[PDB]
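Step one of this worksheet: look at the structure below.
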Amino acid sequence: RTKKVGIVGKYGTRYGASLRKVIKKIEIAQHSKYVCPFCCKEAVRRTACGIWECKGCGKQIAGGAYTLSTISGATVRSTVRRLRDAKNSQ
Amino acid sequence: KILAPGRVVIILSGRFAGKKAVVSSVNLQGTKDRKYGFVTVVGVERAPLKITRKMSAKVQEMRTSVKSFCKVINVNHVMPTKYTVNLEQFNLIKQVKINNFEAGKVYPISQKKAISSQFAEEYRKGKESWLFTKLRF
Amino acid sequence: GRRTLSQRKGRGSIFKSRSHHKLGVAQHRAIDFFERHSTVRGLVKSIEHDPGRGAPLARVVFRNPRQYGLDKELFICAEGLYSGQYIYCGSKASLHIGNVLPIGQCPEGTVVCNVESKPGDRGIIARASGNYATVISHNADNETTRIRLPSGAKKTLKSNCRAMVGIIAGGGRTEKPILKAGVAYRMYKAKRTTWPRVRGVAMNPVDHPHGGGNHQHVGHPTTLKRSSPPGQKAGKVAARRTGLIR
Amino acid sequence: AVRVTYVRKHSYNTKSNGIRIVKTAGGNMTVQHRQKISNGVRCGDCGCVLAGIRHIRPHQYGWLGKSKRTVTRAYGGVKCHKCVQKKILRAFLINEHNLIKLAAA
Amino acid sequence: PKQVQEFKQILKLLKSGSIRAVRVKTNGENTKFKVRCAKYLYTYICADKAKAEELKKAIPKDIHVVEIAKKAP
RNA sequence: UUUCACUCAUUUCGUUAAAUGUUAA
RNA sequence: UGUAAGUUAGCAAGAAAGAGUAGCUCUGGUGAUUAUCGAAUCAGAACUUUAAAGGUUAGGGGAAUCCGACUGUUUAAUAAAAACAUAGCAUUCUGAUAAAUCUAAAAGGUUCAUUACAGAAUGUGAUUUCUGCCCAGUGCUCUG
RNA sequence: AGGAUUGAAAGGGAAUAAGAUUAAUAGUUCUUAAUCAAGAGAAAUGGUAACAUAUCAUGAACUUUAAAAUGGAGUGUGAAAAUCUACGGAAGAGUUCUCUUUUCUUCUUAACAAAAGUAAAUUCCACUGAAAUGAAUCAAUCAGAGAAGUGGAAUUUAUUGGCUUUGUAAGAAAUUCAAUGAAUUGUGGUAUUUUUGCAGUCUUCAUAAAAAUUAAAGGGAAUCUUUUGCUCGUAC
């Protein structure tokens, strides 16, 4: 169908090759489904910027703007868990 | 056996949702007309109200009164509890069988009030409490 | 000359905030005894989209520590919160994401958000999407703690200021390139009237200090003192430096 | 075809100005005023449309019979049956756990 | 307007003291007994001539009776 | 005169002015 | 049926270019229901003539150069554009009791139902490739 | 108990229709037929369940939930109307020296209620437990937190309950005939458009009103007939 312009062929030929490249990565990850942390189903889809909803599972999760979990938001959860364990133990 | 006569269950669905009942007869296979595993229970439809020392003794009788019910219920719509009553004490419950229940017709009112009086007198003596105390969802 | 556009902005006639569909004020609940000396548990009923801001808002419901009823609060979602979650606010709250703790109980290195600059003022710092503040150190002598603001500045606050543990949801919002003028037009649907910005050099000498002559150019340096009156303060203000940074 | 006219003095195709054109004796076509489409009820927890209650205007519920505006169950009309079942189990299981965990463990 | 189905109700209605007027209509196939009450106009479609006569005797003489035919009054 | 300590005018805030402080349990 | 150079590989492109099309008489494909019933659609064949989209409706095409990237806006009544906007790029200030800024004053007002992924002030004008040297002069600034 | 005034003849909103009538007003008058609001004369059953019962079958303070009350695009489809058409007719009209079993017109029905017969779509309930993986759409999409199958319950579909049908109601109205009185008023379509709903899909750094007002729930405090419906606009 297309050689390399997969999802950004809807933009035609009018936004610059570099800009169409950057928006392609974000638009693919924004429209994909993610593994739902409570029922382990590929059933989470974005409803609004920052709000993700598990379809066959009935849960609303706050997340990144275009991805369910951000890299910055994942290390922080790891960091707080380590901090809490150290504080709770002595 | 989890579901045995004298076992106290809590009804999960239907008009009597949340009421506490007592198992009388168990049938996990189901009859010809009953295509499901059921159990015949007798429960407290309206729990007795608390009373103080100011009401007249005739008020304390009607306030502590218990309105009961008898109903065939699917075993998937009851959650058995850890409390067991003595069917010897509640001998009126022991007479509630599957053949006592007919489909579509009113259960005999005289029998219902008979067990209702038996429930009330037992509570007036305070012997059983968790069965007669109301469940707050 | 005329009155420039920055002067007309301070009167607030067509530049008023377009806040009609907004959910409300997003903040911690008012401080009380049960938050000072205990913990109150709230339930995250739902997560909603507040117009004009990039982070989602949580409709938390505390009960009523002193009366009968419900205390419907409206928090700013931390990343990872979900519907039906329980969150605890108070001095004895556990160090979990979404919990509200005084900034003194957080171990050094904890990442917080929606911090109160003053005790009980219900949230000031680290409120945009994906933003957070880090606890630097404590000082039990005068009950002060040091935090690192999202701009990099260091600020000292009282040790009993409240904050929410985690990261404000909706991060990475501004990395997606707007592509069309129309898309930028829709961004200010629930904001002020600022978008289509005419360059000062394209105006006339009456309209703007930059309004030029036979060639589109400024003419005088664009770095100005902080003390310039409103009307000529156009461009870089109190600029310690200019040009591309190295 | 017979062309018609608005009977009331509203002249705009608003939500409350909906009309229906029906036939009438003599081949003439008359104009009716049709009611707005309404939503029903929702479970207080899961936000699902309840069964057993019609989708009518709020005031028309008073005209209906006493039994036709609710469902004969605990929290009937405000919570679904699934919503209610979770309520009962939570109230019973947590209370039972409290008796064993604390209260003479 | 309301329609009564069987013969028992109309006589009970006729014997009731809430009546106001009676109009009888004869069609090409059936006979209709429209009873004008205070609120509604009850009617009864009758196709049996003998049963129609039984109805006509059931009408109290005090009430006014209107007979309608191929020509309206 | 400078540097301190305080609050008491003064500023900026928050709430239904809803357990502040000190003893007691 | 056929379609080039160029290209951000999406386009150019209805590229360019050629052939067919009427009337009448027929033939076949595409289903429903279980022999009866039903739909406009496509393909094909003899014959005839005044050789057939054209009553009406209904793209002229190609090779290049300059400017603006594009969609958009504009001097109501002589300028519709290469001008304005735009997305993208870059710079400056501000931790909110702030920055900008209206007011004679004000428990006054706007961005702000806001909190640096934010607010306010500017230049350039998509993409690609690249932004060289100069701090003397005038500004701005210094933690001096 | 919590916050004053005003602000919409296109936003929210209790309740009416058909025929007739005037030189001119008519959801306003008349005939017929309805509806709404405010008044007057120890407390229920059935169903396993989803849930159901001509008012029935008590339900105060207080609290919560829902409705009023929510963008747009595009696809599929239910129903009504219009147009076209199949079969069967009844009445009238046009053409007719050339033919034409011919061409045209009429064959209708309200608000509010009833429940013979019978639909489409979605969501739930019970039995059972799917792998050799199945079920399904134009597209999708779904399943051991339970598919498909069978049997049920509910809601929506321009008023009751969606369509035919019924009461209103043929006594009206339309088309003819006679001189006020007489006649008829079937059944369909795997066709097009419009209107109105429904189902899922796509899209947003856009998420696309509030109150008056109504109902339900948690809690257990207490022990059919009839009257009236004011002010203002209403011509063109």
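Ordering of the structure tokens sets the chain letters (A, B, ...); residue numbers start at 1 within each chain; ligands are numbered from 1 in the order shown.
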Quiz item: Neighbours of residue 25 (chain E) within 8 Å (only C-alpha atoms (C1' of nucleotides); same-chain residues fewer than 4 positions away dropped), as a PyMOL selection string?
Solution: chain E and resi 31-34+67-69
For the residues in that selection, give me N, CA and C atoms as a PDB file, in the first residue's frame.
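The result, stored in selection30.pdb:
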ATOM      1  N   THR E  31     -73.693  -3.584  15.806  1.00  0.00           N
ATOM      2  CA  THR E  31     -74.403  -2.532  16.520  1.00  0.00           C
ATOM      3  C   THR E  31     -73.555  -2.095  17.704  1.00  0.00           C
ATOM      4  N   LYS E  32     -73.376  -0.788  17.858  1.00  0.00           N
ATOM      5  CA  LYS E  32     -72.518  -0.223  18.890  1.00  0.00           C
ATOM      6  C   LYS E  32     -73.369   0.482  19.935  1.00  0.00           C
ATOM      7  N   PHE E  33     -73.078   0.223  21.203  1.00  0.00           N
ATOM      8  CA  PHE E  33     -73.823   0.792  22.323  1.00  0.00           C
ATOM      9  C   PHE E  33     -72.893   1.745  23.065  1.00  0.00           C
ATOM     10  N   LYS E  34     -72.862   2.995  22.616  1.00  0.00           N
ATOM     11  CA  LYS E  34     -71.988   4.000  23.209  1.00  0.00           C
ATOM     12  C   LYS E  34     -72.680   4.603  24.423  1.00  0.00           C
ATOM     13  N   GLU E  67     -80.991   7.213  18.805  1.00  0.00           N
ATOM     14  CA  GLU E  67     -80.822   6.182  17.792  1.00  0.00           C
ATOM     15  C   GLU E  67     -80.195   6.814  16.559  1.00  0.00           C
ATOM     16  N   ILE E  68     -79.066   6.265  16.124  1.00  0.00           N
ATOM     17  CA  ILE E  68     -78.342   6.760  14.963  1.00  0.00           C
ATOM     18  C   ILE E  68     -78.381   5.690  13.883  1.00  0.00           C
ATOM     19  N   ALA E  69     -78.498   6.130  12.637  1.00  0.00           N
ATOM     20  CA  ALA E  69     -78.688   5.247  11.496  1.00  0.00           C
ATOM     21  C   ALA E  69     -77.807   5.774  10.372  1.00  0.00           C
TER      22      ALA E  69
END
Looking only at helix (DSSP H, G or I) from DSSP on the backbone, list the matching residues of chain B as a CSV table (one decimal) with N, CA and C atoms, in the first residue's frame.
chain,number,residue,atom,x,y,z
B,57,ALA,N,-45.0,-1.5,77.5
B,57,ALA,CA,-44.7,-2.9,77.3
B,57,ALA,C,-45.4,-3.5,76.0
B,58,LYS,N,-46.5,-2.9,75.7
B,58,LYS,CA,-47.2,-3.3,74.5
B,58,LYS,C,-46.5,-2.8,73.2
B,59,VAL,N,-45.8,-1.7,73.3
B,59,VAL,CA,-45.0,-1.2,72.2
B,59,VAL,C,-43.8,-2.1,72.0
B,60,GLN,N,-43.1,-2.5,73.1
B,60,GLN,CA,-42.0,-3.3,73.0
B,60,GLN,C,-42.3,-4.7,72.3
B,61,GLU,N,-43.5,-5.1,72.5
B,61,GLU,CA,-43.9,-6.4,71.8
B,61,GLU,C,-43.9,-6.2,70.3
B,62,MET,N,-44.6,-5.2,69.8
B,62,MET,CA,-44.7,-5.0,68.4
B,62,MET,C,-43.4,-4.4,67.8
B,63,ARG,N,-42.6,-3.7,68.6
B,63,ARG,CA,-41.3,-3.2,68.1
B,63,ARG,C,-40.3,-4.4,67.9
B,75,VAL,N,-28.7,-22.0,44.8
B,75,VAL,CA,-27.6,-22.0,45.6
B,75,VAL,C,-26.5,-21.0,45.1
B,76,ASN,N,-26.6,-20.5,43.9
B,76,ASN,CA,-25.7,-19.5,43.4
B,76,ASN,C,-26.0,-18.1,43.7
B,77,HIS,N,-27.2,-18.0,44.4
B,77,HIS,CA,-27.7,-16.6,44.8
B,77,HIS,C,-27.7,-16.5,46.3
B,91,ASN,N,-38.0,-25.6,65.4
B,91,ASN,CA,-38.6,-26.8,64.9
B,91,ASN,C,-39.6,-26.5,63.8
B,92,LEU,N,-40.1,-25.3,63.7
B,92,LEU,CA,-41.1,-24.9,62.7
B,92,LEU,C,-40.4,-24.8,61.3
B,93,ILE,N,-39.1,-24.4,61.3
B,93,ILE,CA,-38.4,-24.4,60.1
B,93,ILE,C,-38.2,-25.8,59.5
B,94,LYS,N,-38.0,-26.8,60.3
B,94,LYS,CA,-37.7,-28.1,59.9
B,94,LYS,C,-38.9,-28.7,59.0
B,98,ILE,N,-39.5,-28.9,50.0
B,98,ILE,CA,-39.7,-28.5,48.7
B,98,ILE,C,-41.2,-28.7,48.2
B,99,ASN,N,-41.8,-29.8,48.7
B,99,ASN,CA,-43.2,-30.0,48.4
B,99,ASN,C,-44.2,-29.0,49.1
B,100,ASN,N,-43.7,-28.3,50.1
B,100,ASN,CA,-44.5,-27.2,50.7
B,100,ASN,C,-44.6,-26.0,49.8
B,109,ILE,N,-50.0,-17.9,54.6
B,109,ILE,CA,-49.8,-16.8,55.5
B,109,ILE,C,-49.7,-17.3,57.0
B,110,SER,N,-50.6,-18.2,57.3
B,110,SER,CA,-50.7,-18.7,58.7
B,110,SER,C,-49.3,-19.4,59.1
B,111,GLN,N,-48.7,-20.1,58.2
B,111,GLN,CA,-47.4,-20.7,58.4
B,111,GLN,C,-46.4,-19.7,58.6
B,112,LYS,N,-46.4,-18.7,57.7
B,112,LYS,CA,-45.4,-17.6,57.8
B,112,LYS,C,-45.4,-16.9,59.1
B,113,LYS,N,-46.6,-16.5,59.6
B,113,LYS,CA,-46.7,-15.8,60.9
B,113,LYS,C,-46.4,-16.8,62.0
B,114,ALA,N,-46.6,-18.1,61.8
B,114,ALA,CA,-46.3,-19.1,62.8
B,114,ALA,C,-44.8,-19.1,63.1
B,115,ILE,N,-44.0,-19.1,62.0
B,115,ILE,CA,-42.5,-19.1,62.2
B,115,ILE,C,-42.1,-17.7,62.6
B,116,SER,N,-42.8,-16.6,62.2
B,116,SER,CA,-42.5,-15.3,62.6
B,116,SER,C,-42.6,-15.1,64.1
B,117,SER,N,-43.7,-15.6,64.7
B,117,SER,CA,-43.8,-15.6,66.1
B,117,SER,C,-42.7,-16.4,66.8
B,118,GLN,N,-42.3,-17.5,66.3
B,118,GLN,CA,-41.2,-18.3,66.8
B,118,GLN,C,-39.9,-17.5,66.7
B,119,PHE,N,-39.7,-16.9,65.6
B,119,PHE,CA,-38.5,-16.0,65.5
B,119,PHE,C,-38.5,-14.9,66.5
B,120,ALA,N,-39.6,-14.3,66.7
B,120,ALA,CA,-39.7,-13.1,67.6
B,120,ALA,C,-39.4,-13.5,69.1
B,121,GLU,N,-40.0,-14.6,69.5
B,121,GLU,CA,-39.9,-15.0,70.9
B,121,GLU,C,-38.4,-15.4,71.2
B,122,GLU,N,-37.8,-16.1,70.2
B,122,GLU,CA,-36.4,-16.4,70.4
B,122,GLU,C,-35.5,-15.2,70.6
B,123,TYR,N,-35.8,-14.1,69.7
B,123,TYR,CA,-35.0,-12.9,69.8
B,123,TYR,C,-35.4,-12.1,71.1
B,124,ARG,N,-36.6,-12.2,71.5
B,124,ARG,CA,-37.0,-11.6,72.8
B,124,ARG,C,-36.2,-12.2,74.0
B,125,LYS,N,-35.8,-13.4,73.9
B,125,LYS,CA,-35.0,-14.1,74.8
B,125,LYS,C,-33.5,-13.8,74.5
Quiz prompt | region 110-207 of chain C: residues DSSP assigns to strand (DSSP E), reported as a VMD selection string | solution = chain C and resid 111 to 113 133 to 139 144 to 148 154 to 158 162 to 165
Resulting file, chosen residues, C-alpha atoms, as an mmCIF file, in the first residue's frame:
data_model
loop_
_atom_site.group_PDB
_atom_site.id
_atom_site.type_symbol
_atom_site.label_atom_id
_atom_site.label_comp_id
_atom_site.auth_asym_id
_atom_site.auth_seq_id
_atom_site.Cartn_x
_atom_site.Cartn_y
_atom_site.Cartn_z
ATOM 1 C CA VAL C 111 9.037 12.978 44.244
ATOM 2 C CA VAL C 112 5.916 14.996 45.081
ATOM 3 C CA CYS C 113 3.486 17.244 43.239
ATOM 4 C CA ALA C 133 9.214 18.533 42.772
ATOM 5 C CA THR C 134 11.921 16.657 44.663
ATOM 6 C CA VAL C 135 12.573 16.838 48.399
ATOM 7 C CA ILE C 136 16.194 17.875 48.895
ATOM 8 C CA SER C 137 16.752 17.894 52.651
ATOM 9 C CA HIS C 138 15.069 18.440 56.004
ATOM 10 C CA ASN C 139 15.854 20.875 58.811
ATOM 11 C CA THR C 144 11.821 23.619 57.262
ATOM 12 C CA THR C 145 12.463 21.379 54.267
ATOM 13 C CA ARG C 146 14.178 22.143 50.971
ATOM 14 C CA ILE C 147 12.568 21.204 47.655
ATOM 15 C CA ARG C 148 13.731 21.581 44.061
ATOM 16 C CA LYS C 154 15.468 25.604 45.176
ATOM 17 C CA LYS C 155 12.807 26.679 47.664
ATOM 18 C CA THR C 156 12.560 26.304 51.439
ATOM 19 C CA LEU C 157 9.119 25.540 52.869
ATOM 20 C CA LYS C 158 7.740 24.678 56.282
ATOM 21 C CA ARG C 162 1.192 19.183 52.286
ATOM 22 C CA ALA C 163 1.981 17.522 48.971
ATOM 23 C CA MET C 164 0.815 14.560 46.904
ATOM 24 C CA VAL C 165 3.243 11.743 46.130
#
Practice problem: Up to 9 Å from chain E, what residues of chain H turn up? Count only C-alpha atoms (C1' of nucleotides) and give them as a PyMOL selection string. | Solution: chain H and resi 33-34+112-114+166-168+171+225
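The list of residues with at least one atom within 10 Å of residue 13 (chain A), based on only C-alpha atoms (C1' of nucleotides) and without residues fewer than 6 positions apart in the same chain, reads residues 20 of chain A; 8, 9, 10, 11 and 70 of chain G.
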Those same residues, written as a PDB file, in the first residue's frame with N, CA, C and O atoms (P, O5', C5', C4', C3', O3' and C1' of nucleotides)?
ATOM      1  N   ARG A  20       6.476  15.054   9.746  1.00  0.00           N
ATOM      2  CA  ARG A  20       5.625  13.886   9.560  1.00  0.00           C
ATOM      3  C   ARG A  20       6.234  12.642  10.189  1.00  0.00           C
ATOM      4  O   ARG A  20       5.505  11.719  10.562  1.00  0.00           O
TER       5      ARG A  20
ATOM      6  P     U G   8      12.759  14.424  -2.087  1.00  0.00           P
ATOM      7  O5'   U G   8      11.548  14.164  -1.088  1.00  0.00           O
ATOM      8  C5'   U G   8      11.695  13.290   0.023  1.00  0.00           C
ATOM      9  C4'   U G   8      10.657  13.551   1.085  1.00  0.00           C
ATOM     10  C3'   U G   8       9.220  13.214   0.705  1.00  0.00           C
ATOM     11  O3'   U G   8       8.521  12.763   1.864  1.00  0.00           O
ATOM     12  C1'   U G   8       9.380  15.514   1.221  1.00  0.00           C
ATOM     13  P     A G   9       8.625  11.232   2.342  1.00  0.00           P
ATOM     14  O5'   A G   9       8.136  10.392   1.081  1.00  0.00           O
ATOM     15  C5'   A G   9       6.767  10.039   0.925  1.00  0.00           C
ATOM     16  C4'   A G   9       6.553   9.097  -0.235  1.00  0.00           C
ATOM     17  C3'   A G   9       7.074   7.678  -0.041  1.00  0.00           C
ATOM     18  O3'   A G   9       6.257   6.779  -0.786  1.00  0.00           O
ATOM     19  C1'   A G   9       8.160   8.661  -1.878  1.00  0.00           C
ATOM     20  P     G G  10       5.068   5.968  -0.081  1.00  0.00           P
ATOM     21  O5'   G G  10       3.978   7.076   0.239  1.00  0.00           O
ATOM     22  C5'   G G  10       3.048   7.481  -0.751  1.00  0.00           C
ATOM     23  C4'   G G  10       2.210   8.636  -0.274  1.00  0.00           C
ATOM     24  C3'   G G  10       1.525   9.443  -1.362  1.00  0.00           C
ATOM     25  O3'   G G  10       0.305   8.850  -1.775  1.00  0.00           O
ATOM     26  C1'   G G  10       2.580  10.897   0.186  1.00  0.00           C
ATOM     27  P     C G  11      -0.275   9.097  -3.250  1.00  0.00           P
ATOM     28  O5'   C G  11      -0.570  10.657  -3.283  1.00  0.00           O
ATOM     29  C5'   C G  11      -0.750  11.335  -4.514  1.00  0.00           C
ATOM     30  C4'   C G  11       0.110  12.568  -4.585  1.00  0.00           C
ATOM     31  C3'   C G  11       0.133  13.275  -5.927  1.00  0.00           C
ATOM     32  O3'   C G  11      -0.962  14.151  -6.093  1.00  0.00           O
ATOM     33  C1'   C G  11       2.340  12.988  -5.153  1.00  0.00           C
ATOM     34  P     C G  70       2.375  29.609   1.484  1.00  0.00           P
ATOM     35  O5'   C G  70       1.604  28.220   1.473  1.00  0.00           O
ATOM     36  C5'   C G  70       1.445  27.504   0.261  1.00  0.00           C
ATOM     37  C4'   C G  70       0.858  26.137   0.474  1.00  0.00           C
ATOM     38  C3'   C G  70      -0.611  26.093   0.835  1.00  0.00           C
ATOM     39  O3'   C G  70      -1.464  26.275  -0.279  1.00  0.00           O
ATOM     40  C1'   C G  70       0.585  24.637   2.245  1.00  0.00           C
TER      41        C G  70
END
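Taking CA of residue 239 (chain C) and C1' of residue 141 (chain G) as endpoints, the distance between them is 6.5 Å.
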Wanna dump the chain A-chain C contacts at 7 Å for me, each residue with its shortest atom pair and the distance in Å to one decimal, counting only C-alpha atoms, ordered by chain and number, as a tab-separated table?
residue	atom	partner	partner_atom	distance
A:15	CA	C:179	CA	6.9
A:23	CA	C:176	CA	6.3
A:26	CA	C:176	CA	6.6
A:48	CA	C:49	CA	6.8
A:49	CA	C:170	CA	6.3
A:50	CA	C:170	CA	4.1
A:51	CA	C:56	CA	6.5
A:59	CA	C:83	CA	5.9
A:60	CA	C:83	CA	5.2
A:61	CA	C:82	CA	4.3
A:62	CA	C:79	CA	5.3
A:63	CA	C:79	CA	5.1
A:64	CA	C:170	CA	4.1
A:65	CA	C:170	CA	4.2
A:73	CA	C:167	CA	6.3
A:76	CA	C:111	CA	7.0
A:80	CA	C:110	CA	6.5
A:83	CA	C:107	CA	6.9
A:84	CA	C:95	CA	5.7
Self-check item: All residues 7 Å or closer to residue 120 (chain C), only C-alpha atoms (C1' of nucleotides), same chain fewer than 3 positions away omitted, as a PyMOL selection string
Solution: (chain C and resi 30-31+116+161) or (chain F and resi 14)
Practice problem: Find, counting only C-alpha atoms, the residue in C:236, C:8, C:29, C:215 that gets nearest to residue 60 (chain C). | Solution: C:29
Practice problem: Using only C-alpha atoms (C1' of nucleotides), find the residues of chain A whose closest atom to chain H is at most 12 Å away, then write them as number ranges by chain. | Solution: A: 31, 38-41, 43, 46-51, 55-58, 65-66
Quiz prompt | Coordinates-based distance that separates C1' of residue 91 (chain G) from CA of residue 242 (chain C) (Å, one decimal) | solution =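 Computing the Euclidean distance for CA of residue 242 (chain C) and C1' of residue 91 (chain G) yields 6.3 Å.
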Quiz item: Which chain B residues are at most 7 Å from chain D (counting only C-alpha atoms), as number ranges by chain?
Solution: B: 12-18, 136-137
Practice problem: Could you please tell me, as a ChimeraX atom specification, which residues of chain D have an atom within 12 Å of chain A when using only C-alpha atoms? | Solution: /D:45-48
Practice problem: Could the residues of chain F within 10 Å of chain C, counting only C-alpha atoms (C1' of nucleotides), be given as a list in words, please? | Solution: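 Applying the cut-off to the listed atoms yields residues 13, 14, 15, 16, 18 and 19 of chain F.
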Could you please take those selected residues and save N, CA and C atoms (P, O5', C5', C4', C3', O3' and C1' of nucleotides) as a PDB file, in the first residue's frame?
ATOM      1  P     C F  13      -4.056  37.552  49.275  1.00  0.00           P
ATOM      2  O5'   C F  13      -4.295  36.593  50.522  1.00  0.00           O
ATOM      3  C5'   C F  13      -5.040  35.393  50.395  1.00  0.00           C
ATOM      4  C4'   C F  13      -4.362  34.244  51.097  1.00  0.00           C
ATOM      5  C3'   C F  13      -5.283  33.164  51.637  1.00  0.00           C
ATOM      6  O3'   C F  13      -5.683  32.239  50.643  1.00  0.00           O
ATOM      7  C1'   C F  13      -3.693  33.747  53.289  1.00  0.00           C
ATOM      8  P     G F  14      -7.201  31.725  50.578  1.00  0.00           P
ATOM      9  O5'   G F  14      -7.103  30.170  50.915  1.00  0.00           O
ATOM     10  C5'   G F  14      -6.380  29.707  52.048  1.00  0.00           C
ATOM     11  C4'   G F  14      -7.259  28.901  52.967  1.00  0.00           C
ATOM     12  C3'   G F  14      -8.742  29.215  52.877  1.00  0.00           C
ATOM     13  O3'   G F  14      -9.361  28.505  51.818  1.00  0.00           O
ATOM     14  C1'   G F  14      -8.071  29.220  55.146  1.00  0.00           C
ATOM     15  P     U F  15     -10.955  28.332  51.746  1.00  0.00           P
ATOM     16  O5'   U F  15     -11.253  27.111  52.722  1.00  0.00           O
ATOM     17  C5'   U F  15     -12.582  26.793  53.096  1.00  0.00           C
ATOM     18  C4'   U F  15     -12.679  26.427  54.555  1.00  0.00           C
ATOM     19  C3'   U F  15     -14.001  26.757  55.219  1.00  0.00           C
ATOM     20  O3'   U F  15     -14.976  25.763  54.974  1.00  0.00           O
ATOM     21  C1'   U F  15     -12.204  27.455  56.604  1.00  0.00           C
ATOM     22  P     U F  16     -16.353  26.147  54.250  1.00  0.00           P
ATOM     23  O5'   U F  16     -17.205  26.812  55.415  1.00  0.00           O
ATOM     24  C5'   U F  16     -18.623  26.861  55.349  1.00  0.00           C
ATOM     25  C4'   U F  16     -19.236  26.795  56.723  1.00  0.00           C
ATOM     26  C3'   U F  16     -18.358  27.317  57.859  1.00  0.00           C
ATOM     27  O3'   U F  16     -19.181  27.958  58.828  1.00  0.00           O
ATOM     28  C1'   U F  16     -18.959  25.080  58.292  1.00  0.00           C
ATOM     29  P     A F  18     -13.652  26.394  61.015  1.00  0.00           P
ATOM     30  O5'   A F  18     -14.148  25.661  62.338  1.00  0.00           O
ATOM     31  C5'   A F  18     -13.285  25.506  63.459  1.00  0.00           C
ATOM     32  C4'   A F  18     -13.258  24.085  63.970  1.00  0.00           C
ATOM     33  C3'   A F  18     -12.651  23.059  63.020  1.00  0.00           C
ATOM     34  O3'   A F  18     -12.040  22.026  63.788  1.00  0.00           O
ATOM     35  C1'   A F  18     -14.875  22.467  63.474  1.00  0.00           C
ATOM     36  P     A F  19     -10.505  21.637  63.550  1.00  0.00           P
ATOM     37  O5'   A F  19      -9.971  21.311  65.010  1.00  0.00           O
ATOM     38  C5'   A F  19      -9.872  22.330  65.990  1.00  0.00           C
ATOM     39  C4'   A F  19      -9.509  21.763  67.335  1.00  0.00           C
ATOM     40  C3'   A F  19      -8.295  20.851  67.369  1.00  0.00           C
ATOM     41  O3'   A F  19      -7.073  21.566  67.407  1.00  0.00           O
ATOM     42  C1'   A F  19     -10.065  19.858  68.578  1.00  0.00           C
TER      43        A F  19
END
Quiz item: Could you pull the residues within 8 Å of residue 6 (chain B), counting only C-alpha atoms (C1' of nucleotides), minus those fewer than 6 positions along the same chain, as a PyMOL selection string?
Solution: chain B and resi 22-24+84-87
Could you take the residues named above and write them with N, CA, C and O atoms, as a compact mmCIF listing (two decimals), in the first residue's frame?
# COMPACT_ATOMS: atom_id res chain seq x y z
N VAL B 22 -31.99 -19.14 56.86
CA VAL B 22 -31.53 -20.39 57.45
C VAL B 22 -31.89 -21.53 56.51
O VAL B 22 -33.05 -21.67 56.11
N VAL B 23 -30.89 -22.34 56.15
CA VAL B 23 -31.10 -23.45 55.24
C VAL B 23 -31.95 -24.52 55.92
O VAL B 23 -31.72 -24.87 57.08
N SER B 24 -32.94 -25.03 55.19
CA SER B 24 -33.77 -26.13 55.67
C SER B 24 -33.52 -27.41 54.88
O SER B 24 -33.19 -28.44 55.47
N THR B 84 -24.30 -21.26 62.46
CA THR B 84 -25.26 -22.34 62.32
C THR B 84 -26.25 -22.29 63.47
O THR B 84 -25.84 -22.18 64.63
N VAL B 85 -27.53 -22.36 63.16
CA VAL B 85 -28.57 -22.39 64.17
C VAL B 85 -28.96 -23.84 64.42
O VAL B 85 -28.61 -24.75 63.66
N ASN B 86 -29.69 -24.08 65.51
CA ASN B 86 -30.18 -25.40 65.83
C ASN B 86 -31.61 -25.53 65.32
O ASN B 86 -32.50 -24.78 65.73
N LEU B 87 -31.84 -26.49 64.42
CA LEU B 87 -33.18 -26.71 63.91
C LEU B 87 -34.09 -27.35 64.94
O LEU B 87 -35.32 -27.32 64.78
